[PDB]
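**Student:** Sharing a structure with you now.
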Number of protein chains: 4
Amino acid sequence: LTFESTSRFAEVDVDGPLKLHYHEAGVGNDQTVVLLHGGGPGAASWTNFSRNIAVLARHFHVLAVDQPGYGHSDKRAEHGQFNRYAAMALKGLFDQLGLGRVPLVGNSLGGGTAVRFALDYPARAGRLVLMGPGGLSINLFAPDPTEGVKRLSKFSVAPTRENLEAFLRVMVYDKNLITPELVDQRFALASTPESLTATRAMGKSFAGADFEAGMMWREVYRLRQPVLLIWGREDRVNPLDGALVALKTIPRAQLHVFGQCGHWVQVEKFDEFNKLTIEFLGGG
Amino acid sequence: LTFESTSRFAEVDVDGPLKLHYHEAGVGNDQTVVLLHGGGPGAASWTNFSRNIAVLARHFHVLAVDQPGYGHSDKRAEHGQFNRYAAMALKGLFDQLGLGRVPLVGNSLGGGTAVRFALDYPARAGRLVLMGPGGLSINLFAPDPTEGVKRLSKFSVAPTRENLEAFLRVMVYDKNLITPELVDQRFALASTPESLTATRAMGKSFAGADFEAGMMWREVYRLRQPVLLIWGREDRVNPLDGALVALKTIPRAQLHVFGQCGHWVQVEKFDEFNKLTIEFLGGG
Amino acid sequence: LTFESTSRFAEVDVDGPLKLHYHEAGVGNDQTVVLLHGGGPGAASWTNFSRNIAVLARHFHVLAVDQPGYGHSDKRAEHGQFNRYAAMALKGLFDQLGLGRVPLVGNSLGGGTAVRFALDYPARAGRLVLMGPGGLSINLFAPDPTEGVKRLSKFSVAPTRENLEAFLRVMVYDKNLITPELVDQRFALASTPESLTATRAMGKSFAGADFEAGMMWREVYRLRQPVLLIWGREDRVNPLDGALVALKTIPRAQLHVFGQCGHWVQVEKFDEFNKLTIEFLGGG
Amino acid sequence: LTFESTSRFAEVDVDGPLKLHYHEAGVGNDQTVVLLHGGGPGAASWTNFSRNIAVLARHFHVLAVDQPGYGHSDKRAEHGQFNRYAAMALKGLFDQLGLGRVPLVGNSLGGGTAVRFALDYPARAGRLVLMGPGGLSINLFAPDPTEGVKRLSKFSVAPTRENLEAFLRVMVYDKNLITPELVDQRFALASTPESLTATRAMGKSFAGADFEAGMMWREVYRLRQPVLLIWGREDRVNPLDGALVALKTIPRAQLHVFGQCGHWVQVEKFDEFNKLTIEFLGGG
Ligand SMILES: O=C(O)c1cc(Cl)c(O)c(Cl)c1
Ligand SMILES: O=C(O)c1cc(Cl)c(O)c(Cl)c1
């Protein structure tokens, strides 16, 4: 189970050909599960879910998809509301792979994509597990933009190694996780011109007329599946107060909060996160 | 595994002899776990934990203790702050049974007793699992007394079957759980003179000078063990806003919230509650 | 300044003729303010604002409007989502009176009407003062229905005097405000066949396909005017946790909370409310 | 009404001689109010309350006290828990001036001092007005340290002008209030060796064994006076979630929140704050 052995590609149609990179594992397994990664600079499926994919693949057929704008998937210079854009791409990949209704696991940005998908194609998504998700979160107490978003914007404006490190440090409770190796690797991926293309495309997408499609906290009362919200108590990007509207309005919701954990739950609490996910998705 | 096969007694010293009733199960098992029940009228260990004891006893040596004032344990007519009183009784039973440091599972009132115990004898308590606990909860938004406490007080004033049923109905999300059999059984236990003695003793205990010992939300920042807080989103006795101070100030806390669940999590979500407990307490 | 002297009527069109009763005062004053009353059974403009109209009329041209179903306005037996229904009637009265952009003061159900009006006719509403408003509030921690709502429901099913008194008693912090005279006066008004028709009409209106129009917490981010939210800390109908979404998403919001005050802010803290309102609305 | 005309000094005893600087105004007025300033580096009574003292002195006898470590009061290099230290100095000045029970207005760090004083000398403090107070606030959703606190820390380690400007910029919603003149004036005061000694003194004071005295959210349930909490919705130092415990547990509490306002309420909303304060304190 490595990057190379699990690597796959597919071409879907979202206003034209779009190349999606993804990782496939646990192919002999019955239940199919899609993982959607968070949206930092240099973020991709493999680095996001490295402490989780092997474990989940003993029970599930795992599909960890690099979202458009990330990893080795297409980095267009223009797109609409990002979660709708990515959800369309996922709709394409589902139909291609012949998937019917499949549970979604998404953190941060990918959580928003999972949610945006589940609202746009209700019959296609089963249970959702969502770690500090964007979109359905609305910070009732934290002034926006939060510290983490501020630091991300600062990197988008001035893409230096120092700025990138500052941003990664508010991602976690244990700052020792932020090693020189991790910063160098994230920075290399993030400072390529295509990635910079993807960052401008994201920035321009915010001025879009379809901004309302990103405010998914207005819509999640319609979700009929069970939804497991997972949060780090010390999350500085999407703080804990952001969970309240979803927890209240999603009929079959559950919330799990870990203390001494930041934005990257699937890394800082990989083990507890793996079991909660396996158990919630039915054990396989 | 029945009431009768698991039944035991012990005599401890809390200002004199005090008889504690309790249930013992899974005796061949290594890890010892104490269950502390909630504090409704007619409440006891067996009816509280009936959907949980068998399952927990496959992994643990389970001790479900009837608290003084409840079940077949002593119903004194006078006592101090209840959680301290009960925690002293538990200290006595621990020493008698030769228990060292043991994890505590308590709902509602018993959660308060578990917490009061863990603060008073730090070396004696391990991990805590606490379902909608009193004591460490402080309702930041719900005006006090809450609906459930009001209905309990109304029964204490006028102990009729109708009042008892009204109280039991705000205990659960699914009201079908409130059957005529359950009301008749709770009412029979609750309307005996000894139980009525216990209710006055509880009421008089509130006027005590040691009331501060019940405000455990002022003290829980001192807990060093991991604590799992479990809550029903629709809890009408100890509402969800009551969890926030504990979740924030207890260093190694975790919170799990179930939607479509009321005050009796261990009953309405027995299965999910059993697994979370087993997993959190180390699998046995 | 009496009921009869301030009484006025107007006939507007909302799917047919509709008679609106309302009170006019301070006609010599420069600035017009519309008061929209709270929605208990037997409630009307004059009763709701009695400790308020005289004081407000020294600074403002006051129009205190009986909402359809209340006081002497038409009590239809069937209608759609109530706040949109009531806002349509209000829109009609505005055109009739040649009003431009006018500030609205709404208590409870009236608050929802005031807000619904401001969303549906953006150019017609200025500053809002809203006391424990329905509609834009969403109770993030309190389970629905709340205790106050339940009592109202009990009354709709069994409209006895005991039930009305019990409902009014969860309306206020200081229960002495609930005098037998007040109960008797409300019960006289509330038990008329016309009033009970209007009460069932409201209840059936909840099963409507236009329910989304009642969930205004999804829309108030679009409000551009300053909004003053006033809330009593011990409000058992629309609890304080209901204020968070509006406070966060309305750009020019402000919140005032009174301790030792319930749902009836304008009565229990009439003085502080009057001063807060006058100043917020520009001194007049 | 100038700095020099209102300047006064007094010498009190807190483990030795201590010189307190303070400003006195409205001496002809009936009612005495003590203002306690906020605690940035280079902060003092006159600067904190400038848009406020003149207006307040028309109604009240105003005493705006430089807290030890600030302005022209003694800047010791070592002290215990700061609010208790500052309250002891205040207690001394009260006895010196023959004050009875006096209302306190405290901003931020001053708010904590005002509160700590009211708990330690119950008979000496009346009504409190508290703007984004430290101490009784506990941030239930925001991870500590907050963004504002972090910036202050950055300055203590590296007291450059860039760092001071960055700190003042998270103090306010409208950043235009941070003029180069203001930064220059604060930096002049804040970079003196005496000011930096006082700043380190504060930091070392946190490692103290008397830390519990700083956790006033455990104690304010004992406050019997009316307390007005004033908060800015975009406060990034003591965020709005910090108000909940005090608002709930102080029996005669009230809360006012301003949208489009940061940590410096008395500056950014000077007018609304002045009127709110004057009225709350009895018109004088
Ligand atoms: O405004 C009120 O008093 C009110 C209105 C409605 Cl629709 C309601 O259900 C309740 Cl409990 C109160
Ligand atoms: O009052 C303030 O401005 C203040 C006081 C302290 Cl002790 C502090 O750490 C910060 Cl960030 C601000």
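In the structure tokens, the first chain shown is A, the next is B, and so on; residue numbers restart at 1 for each chain, and ligands run from 1 in the order shown.
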Distance limit 6 Å, reference ligand 1, atoms considered: only C-alpha atoms and all ligand atoms. Which residues make the cut? Give them as an mmCIF file with N, CA, C and O atoms, in the first residue's frame.
**Tutor:**
```cif
data_model
loop_
_atom_site.group_PDB
_atom_site.id
_atom_site.type_symbol
_atom_site.label_atom_id
_atom_site.label_comp_id
_atom_site.auth_asym_id
_atom_site.auth_seq_id
_atom_site.Cartn_x
_atom_site.Cartn_y
_atom_site.Cartn_z
ATOM 1 N N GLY C 38 -46.622 40.667 20.556
ATOM 2 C CA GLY C 38 -46.341 39.253 20.774
ATOM 3 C C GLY C 38 -47.591 38.399 20.634
ATOM 4 O O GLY C 38 -48.718 38.909 20.603
ATOM 5 N N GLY C 39 -47.416 37.085 20.585
ATOM 6 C CA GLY C 39 -48.504 36.242 20.135
ATOM 7 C C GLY C 39 -49.097 35.220 21.083
ATOM 8 O O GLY C 39 -49.378 34.092 20.661
ATOM 9 N N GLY C 40 -49.319 35.570 22.346
ATOM 10 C CA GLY C 40 -50.061 34.627 23.173
ATOM 11 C C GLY C 40 -51.538 34.589 22.784
ATOM 12 O O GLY C 40 -52.014 35.427 22.019
ATOM 13 N N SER C 108 -41.583 38.940 20.067
ATOM 14 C CA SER C 108 -41.962 37.551 19.861
ATOM 15 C C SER C 108 -42.447 37.287 18.426
ATOM 16 O O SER C 108 -41.712 37.484 17.467
ATOM 17 N N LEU C 109 -43.686 36.838 18.294
ATOM 18 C CA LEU C 109 -44.265 36.491 17.013
ATOM 19 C C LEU C 109 -44.235 37.714 16.112
ATOM 20 O O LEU C 109 -43.996 37.608 14.915
ATOM 21 N N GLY C 148 -42.247 26.773 27.049
ATOM 22 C CA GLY C 148 -43.259 27.768 26.760
ATOM 23 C C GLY C 148 -44.151 27.369 25.604
ATOM 24 O O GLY C 148 -45.359 27.548 25.657
ATOM 25 N N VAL C 149 -43.548 26.823 24.557
ATOM 26 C CA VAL C 149 -44.296 26.371 23.390
ATOM 27 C C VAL C 149 -45.235 25.224 23.741
ATOM 28 O O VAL C 149 -46.350 25.161 23.255
ATOM 29 N N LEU C 152 -48.406 26.483 25.436
ATOM 30 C CA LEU C 152 -49.306 27.078 24.467
ATOM 31 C C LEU C 152 -50.073 25.978 23.753
ATOM 32 O O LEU C 152 -51.273 26.086 23.540
ATOM 33 N N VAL C 237 -39.675 30.618 26.337
ATOM 34 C CA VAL C 237 -40.372 30.393 25.065
ATOM 35 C C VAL C 237 -39.392 30.342 23.909
ATOM 36 O O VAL C 237 -39.326 29.358 23.164
#
```
**Student:** Mind listing as a ChimeraX atom specification which residues of chain D are within 9 Å of chain C, counting only C-alpha atoms?
**Tutor:** /D:233,247-248,250-260,276
**Student:** Keeping only N, CA and C atoms, write the selected residues as a compact mmCIF listing (two decimals), in the first residue's frame.
**Tutor:**
```
# COMPACT_ATOMS: atom_id res chain seq x y z
N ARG D 233 -18.67 42.32 19.43
CA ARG D 233 -18.81 41.02 18.76
C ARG D 233 -17.52 40.52 18.09
N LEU D 247 -22.54 35.88 32.62
CA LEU D 247 -23.91 36.26 32.29
C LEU D 247 -24.88 35.31 32.97
N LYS D 248 -24.54 34.03 32.99
CA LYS D 248 -25.39 33.03 33.63
C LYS D 248 -25.34 33.04 35.15
N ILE D 250 -23.97 35.40 37.49
CA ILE D 250 -24.17 36.65 38.22
C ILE D 250 -25.67 36.97 38.21
N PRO D 251 -26.34 36.85 39.37
CA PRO D 251 -27.81 36.96 39.43
C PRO D 251 -28.40 38.20 38.78
N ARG D 252 -27.83 39.38 39.03
CA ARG D 252 -28.39 40.59 38.43
C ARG D 252 -27.54 41.10 37.27
N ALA D 253 -27.15 40.19 36.39
CA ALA D 253 -26.32 40.55 35.24
C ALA D 253 -27.17 41.11 34.10
N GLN D 254 -26.52 41.85 33.21
CA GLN D 254 -27.08 42.29 31.95
C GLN D 254 -25.91 42.26 30.97
N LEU D 255 -26.17 42.03 29.69
CA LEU D 255 -25.12 41.99 28.68
C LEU D 255 -25.47 42.87 27.51
N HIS D 256 -24.54 43.71 27.06
CA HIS D 256 -24.75 44.40 25.79
C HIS D 256 -23.63 44.07 24.78
N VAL D 257 -24.01 43.68 23.58
CA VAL D 257 -23.02 43.33 22.56
C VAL D 257 -23.15 44.27 21.37
N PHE D 258 -22.03 44.82 20.92
CA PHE D 258 -22.01 45.67 19.73
C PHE D 258 -21.40 44.89 18.58
N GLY D 259 -22.07 44.88 17.43
CA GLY D 259 -21.50 44.32 16.22
C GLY D 259 -20.61 45.38 15.64
N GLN D 260 -19.64 45.00 14.82
CA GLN D 260 -18.70 45.98 14.25
C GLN D 260 -17.99 46.80 15.34
N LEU D 276 -24.86 54.24 27.82
CA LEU D 276 -25.17 52.99 28.48
C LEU D 276 -24.65 53.01 29.91
```
**Student:** With a cut-off of 9 Å, could you pull out the residues of chain D touching ligand 2 and give me the nearest pair of atoms for each, distance in Å to one decimal, using only C-alpha atoms and all ligand atoms, ordered by chain and ascending number, as JSON lines?
**Tutor:**
```
{"residue": "D:37", "atom": "CA", "partner": "ligand 2", "partner_atom_place_in_ligand_line": "1 (O)", "distance": 7.6}
{"residue": "D:38", "atom": "CA", "partner": "ligand 2", "partner_atom_place_in_ligand_line": "1 (O)", "distance": 3.9}
{"residue": "D:39", "atom": "CA", "partner": "ligand 2", "partner_atom_place_in_ligand_line": "1 (O)", "distance": 3.4}
{"residue": "D:40", "atom": "CA", "partner": "ligand 2", "partner_atom_place_in_ligand_line": "3 (O)", "distance": 4.1}
{"residue": "D:41", "atom": "CA", "partner": "ligand 2", "partner_atom_place_in_ligand_line": "3 (O)", "distance": 7.9}
{"residue": "D:43", "atom": "CA", "partner": "ligand 2", "partner_atom_place_in_ligand_line": "3 (O)", "distance": 8.1}
{"residue": "D:82", "atom": "CA", "partner": "ligand 2", "partner_atom_place_in_ligand_line": "7 (Cl)", "distance": 8.7}
{"residue": "D:107", "atom": "CA", "partner": "ligand 2", "partner_atom_place_in_ligand_line": "1 (O)", "distance": 6.7}
{"residue": "D:108", "atom": "CA", "partner": "ligand 2", "partner_atom_place_in_ligand_line": "1 (O)", "distance": 4.0}
{"residue": "D:109", "atom": "CA", "partner": "ligand 2", "partner_atom_place_in_ligand_line": "1 (O)", "distance": 4.2}
{"residue": "D:110", "atom": "CA", "partner": "ligand 2", "partner_atom_place_in_ligand_line": "1 (O)", "distance": 6.8}
{"residue": "D:111", "atom": "CA", "partner": "ligand 2", "partner_atom_place_in_ligand_line": "1 (O)", "distance": 8.3}
{"residue": "D:132", "atom": "CA", "partner": "ligand 2", "partner_atom_place_in_ligand_line": "1 (O)", "distance": 8.3}
{"residue": "D:133", "atom": "CA", "partner": "ligand 2", "partner_atom_place_in_ligand_line": "1 (O)", "distance": 7.7}
{"residue": "D:134", "atom": "CA", "partner": "ligand 2", "partner_atom_place_in_ligand_line": "5 (C)", "distance": 7.1}
{"residue": "D:145", "atom": "CA", "partner": "ligand 2", "partner_atom_place_in_ligand_line": "9 (O)", "distance": 8.8}
{"residue": "D:146", "atom": "CA", "partner": "ligand 2", "partner_atom_place_in_ligand_line": "11 (Cl)", "distance": 7.9}
{"residue": "D:147", "atom": "CA", "partner": "ligand 2", "partner_atom_place_in_ligand_line": "11 (Cl)", "distance": 8.0}
{"residue": "D:148", "atom": "CA", "partner": "ligand 2", "partner_atom_place_in_ligand_line": "11 (Cl)", "distance": 4.7}
{"residue": "D:149", "atom": "CA", "partner": "ligand 2", "partner_atom_place_in_ligand_line": "11 (Cl)", "distance": 3.5}
{"residue": "D:150", "atom": "CA", "partner": "ligand 2", "partner_atom_place_in_ligand_line": "11 (Cl)", "distance": 6.9}
{"residue": "D:151", "atom": "CA", "partner": "ligand 2", "partner_atom_place_in_ligand_line": "11 (Cl)", "distance": 6.8}
{"residue": "D:152", "atom": "CA", "partner": "ligand 2", "partner_atom_place_in_ligand_line": "11 (Cl)", "distance": 5.0}
{"residue": "D:153", "atom": "CA", "partner": "ligand 2", "partner_atom_place_in_ligand_line": "9 (O)", "distance": 7.4}
{"residue": "D:167", "atom": "CA", "partner": "ligand 2", "partner_atom_place_in_ligand_line": "11 (Cl)", "distance": 7.9}
{"residue": "D:168", "atom": "CA", "partner": "ligand 2", "partner_atom_place_in_ligand_line": "3 (O)", "distance": 8.8}
{"residue": "D:171", "atom": "CA", "partner": "ligand 2", "partner_atom_place_in_ligand_line": "3 (O)", "distance": 7.5}
{"residue": "D:202", "atom": "CA", "partner": "ligand 2", "partner_atom_place_in_ligand_line": "7 (Cl)", "distance": 7.5}
{"residue": "D:203", "atom": "CA", "partner": "ligand 2", "partner_atom_place_in_ligand_line": "7 (Cl)", "distance": 8.4}
{"residue": "D:236", "atom": "CA", "partner": "ligand 2", "partner_atom_place_in_ligand_line": "11 (Cl)", "distance": 8.6}
{"residue": "D:237", "atom": "CA", "partner": "ligand 2", "partner_atom_place_in_ligand_line": "11 (Cl)", "distance": 5.4}
{"residue": "D:238", "atom": "CA", "partner": "ligand 2", "partner_atom_place_in_ligand_line": "11 (Cl)", "distance": 7.9}
{"residue": "D:263", "atom": "CA", "partner": "ligand 2", "partner_atom_place_in_ligand_line": "3 (O)", "distance": 7.5}
{"residue": "D:264", "atom": "CA", "partner": "ligand 2", "partner_atom_place_in_ligand_line": "3 (O)", "distance": 8.1}
```
**Student:** Can you list every residue in range 79-113 of chain D that DSSP puts in strand (DSSP E), as a PyMOL selection string?
**Tutor:** chain D and resi 102-107
**Student:** Keeping only N, CA and C atoms, take the residues you just selected and write them out as a short mmCIF file (atom, residue, chain, number, x, y, z; two decimals), in the first residue's frame.
**Tutor:**
```cif
data_model
loop_
_atom_site.label_atom_id
_atom_site.label_comp_id
_atom_site.auth_asym_id
_atom_site.auth_seq_id
_atom_site.Cartn_x
_atom_site.Cartn_y
_atom_site.Cartn_z
N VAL D 102 -18.74 51.96 46.16
CA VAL D 102 -18.61 52.73 44.93
C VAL D 102 -18.70 51.83 43.70
N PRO D 103 -19.43 52.27 42.68
CA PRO D 103 -19.47 51.50 41.43
C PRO D 103 -18.11 51.53 40.72
N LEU D 104 -17.78 50.44 40.03
CA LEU D 104 -16.52 50.32 39.29
C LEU D 104 -16.77 50.10 37.81
N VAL D 105 -16.03 50.82 36.98
CA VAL D 105 -16.05 50.62 35.53
C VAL D 105 -14.68 50.16 35.09
N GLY D 106 -14.61 48.93 34.59
CA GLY D 106 -13.36 48.33 34.21
C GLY D 106 -13.34 47.79 32.80
N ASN D 107 -12.30 48.13 32.07
CA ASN D 107 -12.13 47.64 30.72
C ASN D 107 -11.04 46.58 30.69
#
```
**Student:** If we count only C-alpha atoms, what is near range 58-68 of chain C at a cut-off of 9 Å, once residues fewer than 4 positions away on the same chain are taken out, given as a VMD selection string?
**Tutor:** chain C and resid 18 to 37 39 43 to 46 49 53 to 54 72 to 76 82 85 to 86 89 to 90 110 113 198 278 283 to 284
**Student:** Those same residues, written as a compact mmCIF listing (two decimals), in the first residue's frame with N, CA and C atoms?
**Tutor:**
```txt
# COMPACT_ATOMS: atom_id res chain seq x y z
N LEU C 18 -59.26 42.26 3.92
CA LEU C 18 -58.79 41.97 5.27
C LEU C 18 -58.83 43.22 6.11
N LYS C 19 -59.53 43.14 7.24
CA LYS C 19 -59.66 44.28 8.15
C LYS C 19 -58.53 44.23 9.19
N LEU C 20 -57.74 45.30 9.25
CA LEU C 20 -56.68 45.44 10.25
C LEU C 20 -57.08 46.49 11.27
N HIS C 21 -57.03 46.14 12.54
CA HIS C 21 -57.19 47.13 13.60
C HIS C 21 -55.79 47.64 14.01
N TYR C 22 -55.70 48.91 14.37
CA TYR C 22 -54.43 49.41 14.87
C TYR C 22 -54.60 50.66 15.68
N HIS C 23 -53.57 51.01 16.44
CA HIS C 23 -53.61 52.20 17.28
C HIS C 23 -52.60 53.22 16.78
N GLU C 24 -53.03 54.48 16.71
CA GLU C 24 -52.18 55.58 16.27
C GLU C 24 -52.03 56.59 17.40
N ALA C 25 -50.80 57.05 17.63
CA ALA C 25 -50.53 58.05 18.67
C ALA C 25 -49.32 58.89 18.27
N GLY C 26 -49.09 59.97 19.01
CA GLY C 26 -48.02 60.91 18.71
C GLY C 26 -48.03 61.36 17.27
N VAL C 27 -49.20 61.77 16.77
CA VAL C 27 -49.33 62.13 15.36
C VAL C 27 -48.52 63.39 15.04
N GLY C 28 -48.31 64.25 16.03
CA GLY C 28 -47.52 65.44 15.79
C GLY C 28 -46.03 65.17 15.58
N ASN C 29 -45.59 63.97 15.94
CA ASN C 29 -44.17 63.59 15.88
C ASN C 29 -43.57 63.33 14.49
N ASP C 30 -42.30 63.66 14.35
CA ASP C 30 -41.57 63.55 13.08
C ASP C 30 -41.39 62.14 12.52
N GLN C 31 -41.07 61.18 13.38
CA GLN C 31 -40.68 59.85 12.92
C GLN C 31 -41.70 58.78 13.25
N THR C 32 -42.00 57.94 12.27
CA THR C 32 -42.99 56.88 12.42
C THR C 32 -42.36 55.55 12.79
N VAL C 33 -42.91 54.91 13.82
CA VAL C 33 -42.46 53.59 14.23
C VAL C 33 -43.63 52.62 14.28
N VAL C 34 -43.48 51.45 13.68
CA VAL C 34 -44.54 50.44 13.75
C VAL C 34 -44.23 49.40 14.81
N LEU C 35 -45.14 49.24 15.77
CA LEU C 35 -45.04 48.20 16.79
C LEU C 35 -45.84 47.00 16.37
N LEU C 36 -45.23 45.82 16.48
CA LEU C 36 -45.88 44.54 16.18
C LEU C 36 -45.87 43.66 17.44
N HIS C 37 -47.05 43.30 17.95
CA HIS C 37 -47.18 42.67 19.27
C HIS C 37 -46.82 41.18 19.33
N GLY C 39 -47.42 37.09 20.59
CA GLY C 39 -48.50 36.24 20.13
C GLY C 39 -49.10 35.22 21.08
N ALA C 43 -53.85 37.93 23.08
CA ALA C 43 -52.90 39.03 22.97
C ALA C 43 -53.35 40.05 21.92
N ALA C 44 -53.06 41.33 22.18
CA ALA C 44 -53.33 42.38 21.20
C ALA C 44 -52.38 43.53 21.41
N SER C 45 -52.33 44.45 20.44
CA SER C 45 -51.40 45.57 20.45
C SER C 45 -51.45 46.37 21.74
N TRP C 46 -52.64 46.76 22.15
CA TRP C 46 -52.75 47.61 23.33
C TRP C 46 -52.26 46.93 24.60
N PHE C 49 -48.21 46.46 24.62
CA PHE C 49 -47.38 47.65 24.67
C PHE C 49 -47.86 48.72 25.66
N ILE C 53 -46.51 52.46 25.00
CA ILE C 53 -47.04 53.34 23.95
C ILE C 53 -47.00 54.83 24.31
N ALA C 54 -47.48 55.16 25.51
CA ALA C 54 -47.47 56.54 25.98
C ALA C 54 -46.06 57.13 25.93
N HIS C 72 -58.69 43.10 17.27
CA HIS C 72 -59.85 43.37 16.43
C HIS C 72 -59.53 43.29 14.93
N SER C 73 -58.45 42.62 14.57
CA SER C 73 -58.19 42.41 13.15
C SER C 73 -58.86 41.11 12.69
N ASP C 74 -59.00 40.91 11.39
CA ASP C 74 -59.76 39.77 10.91
C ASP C 74 -59.12 38.47 11.33
N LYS C 75 -59.95 37.57 11.81
CA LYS C 75 -59.49 36.27 12.25
C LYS C 75 -59.89 35.16 11.30
N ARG C 76 -59.23 35.08 10.15
CA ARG C 76 -59.50 34.01 9.20
C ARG C 76 -59.23 32.63 9.78
N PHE C 82 -47.52 32.15 8.84
CA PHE C 82 -48.12 33.33 9.47
C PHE C 82 -47.35 34.65 9.32
N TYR C 85 -47.87 35.96 5.85
CA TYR C 85 -49.26 36.40 5.84
C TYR C 85 -49.38 37.77 6.52
N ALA C 86 -48.87 37.85 7.74
CA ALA C 86 -48.91 39.09 8.49
C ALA C 86 -48.08 40.19 7.80
N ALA C 89 -50.21 41.71 4.89
CA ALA C 89 -51.14 42.68 5.45
C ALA C 89 -50.46 43.99 5.82
N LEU C 90 -49.22 43.91 6.31
CA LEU C 90 -48.49 45.10 6.75
C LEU C 90 -48.06 45.93 5.56
N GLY C 110 -44.46 38.88 16.70
CA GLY C 110 -44.35 40.13 15.99
C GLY C 110 -42.95 40.34 15.46
N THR C 113 -42.65 38.64 12.34
CA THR C 113 -43.35 39.37 11.30
C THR C 113 -42.53 40.55 10.82
N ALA C 198 -58.77 31.29 15.16
CA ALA C 198 -57.49 31.88 14.78
C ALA C 198 -56.31 31.07 15.34
N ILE C 278 -35.97 54.05 22.46
CA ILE C 278 -35.94 55.45 22.03
C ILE C 278 -34.56 55.83 21.53
N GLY C 283 -33.73 58.96 19.03
CA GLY C 283 -34.21 59.99 19.95
C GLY C 283 -35.54 60.59 19.52
N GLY C 284 -35.86 60.47 18.23
CA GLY C 284 -37.10 61.01 17.67
C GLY C 284 -37.25 62.51 17.84
```
